[PDB]
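Following: one structure in structure tokens, then a few remarks.
2 protein chains.
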Amino acid sequence: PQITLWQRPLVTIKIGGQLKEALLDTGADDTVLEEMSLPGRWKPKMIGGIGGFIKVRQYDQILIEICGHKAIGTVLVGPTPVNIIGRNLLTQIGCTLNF
Amino acid sequence: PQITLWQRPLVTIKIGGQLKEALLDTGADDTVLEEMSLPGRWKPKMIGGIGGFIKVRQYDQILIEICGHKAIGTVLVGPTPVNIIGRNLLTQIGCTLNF
Ligand SMILES: CSC[C@H](NC(=O)COc1cccc2cnccc12)C(=O)N[C@@H](Cc1ccccc1)[C@H](O)C(=O)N1CSC[C@H]1C(=O)NC(C)(C)C
Numbered sequence: 501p502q503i504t505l506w507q508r509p510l511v512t513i514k515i516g517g518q519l520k521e522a523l524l525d526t527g528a529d530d531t532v533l534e535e536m537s538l539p540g541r542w543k544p545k546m547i548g549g550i551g552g553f554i555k556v557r558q559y560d561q562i563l564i565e566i567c568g569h570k571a572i573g574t575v576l577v578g579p580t581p582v583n584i585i586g587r588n589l590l591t592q593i594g595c596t597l598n599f
Numbered sequence: 501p502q503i504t505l506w507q508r509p510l511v512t513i514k515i516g517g518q519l520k521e522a523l524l525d526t527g528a529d530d531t532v533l534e535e536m537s538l539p540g541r542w543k544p545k546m547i548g549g550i551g552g553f554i555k556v557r558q559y560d561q562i563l564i565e566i567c568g569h570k571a572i573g574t575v576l577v578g579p580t581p582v583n584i585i586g587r588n589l590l591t592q593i594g595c596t597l598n599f
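Right, here's the structure in full:
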């Protein structure tokens, strides 16, 4: 697919057989998803963006699928406004920026 | 260019006769740079992201070159962790996400 940037590049993801919307973000190094209770093991972590830092739980090896493409890796869960797909998963689906 | 995302998408920008590095950021609506003097008149604005809300100065109709592609648009200057080129200027240079 090719996604223009007139609007925010929000797509559907599936994690644990539920669909969510998420922003595809080349500016994020990590993937941050809204609070949910996954089974599995986590570590505490702190991530920093524009206004400062928030606390998140880090889960490793989560499979998500982004517009039909599977990716597996580290997901951070915390109180974000929006679900963020960062470069750790975008590489696995083969995403590029082109101009 | 087609830019992969194995690394952060940093590019060189020319703004106000300086050269700077900035990240091409599809998760950002607007463009925020670190503290600088830009010619022109400005308005206080608030923006937010992970961690909260910051105040910035807004300069309208600033010419910037992103890898030799001109864009003339709003630039916000403020206490940012990284220089972000956001969707407001990424559309002008015809940037898309592809996978
Ligand atoms: C122009 S700078 C402000 C920008 N925010 C936006 O464009 C969108 O803002 C918002 C949209 C909707 C609801 C919001 C609620 N509260 C705050 C901001 C909101 C922004 O910070 N975008 C970031 C992503 C984002 C969007 C919306 C909420 C929160 C984060 C950026 O793309 C990124 O990846 N950055 C910018 S600094 C480092 C990095 C980053 O935050 N990294 C992570 C996500 C912490 C790993």
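Here the protein sequences come in this chain order: A and B.
At position 38 of the first sequence the residue is numbered 538 (full-length UniProt numbering), and the sequence of numbers has no breaks.
At position 64 of the second sequence the residue is numbered 564 (full-length UniProt numbering), and the sequence of numbers has no breaks.
Ideal Cβ placement from N, Cα and C applies to all residues, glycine included.
* Asked: Under a three-way DSSP split, which group does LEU590 (chain B) fall into?
  -> Your numbering for residue 590 (chain B) matches position 90 in the second sequence. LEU590 (chain B): helix per DSSP, three-state reduction.
* **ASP525 (chain A) - containing beta strand (DSSP E), residue span** => Locating residue 525 (chain A) in the first sequence gives position 25, where the first residue counts as 1. From DSSP, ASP525 (chain A) is part of no beta strand (DSSP E); its letter is neither H nor E.
* Asked: Roughly how many angstroms separate the alpha carbons of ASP529 (chain A) and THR574 (chain B), rounded to a whole number?
  -> On the first sequence, position 29 is the one that residue 529 (chain A) refers to. On the second sequence, position 74 is the one that residue 574 (chain B) refers to. Approximately 25 Å between the Cα atoms of the pair.
* Asked: Just reading off the beta strand (DSSP E) that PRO544 (chain B) is part of, what are its end residues?
  -> The count along the second sequence starts at 1 and reaches residue 544 (chain B) at position 44. Note, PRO544 (chain B): beta strand (DSSP E), 543-549.
* Mapping DSSP to helix, strand and coil, what is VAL511 (chain A)? -> Mapped onto the first sequence, residue 511 (chain A) falls at position 11. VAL511 (chain A): strand per DSSP, three-state reduction.
* Who are the neighbours of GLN502 (chain B) on chain A, taking C-beta pairs under 7 Å? -> Position 2 of the second sequence, counted from the first residue, corresponds to residue 502 (chain B). Here the neighbours are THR596 and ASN598.
* Is there at least one Cβ from chain A nearer than 8 Å to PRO581 (chain B)'s Cβ? -> Counting from one through the second sequence, the residue named residue 581 (chain B) turns up at place 81. Taking Cβ atoms only, chain A reaches closer than 8 Å to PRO581 (chain B), which makes this a yes.
* Asked: Cβ of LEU576 (chain B) less than 8 Å from any chain A Cβ?
  -> Walking along the second sequence from the start, residue 576 (chain B) turns up at place 76. It does not; no Cβ of chain A falls within 8 Å.
* Relative to ligand 1, is the shortest distance from any of its heavy atoms to the C-beta of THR574 (chain A) smaller than 7 Å? -> Working through the first sequence from its first residue, we reach residue 574 (chain A) at position 74. Incorrect: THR574 (chain A) has no Cβ contact closer than 7 Å to ligand 1.
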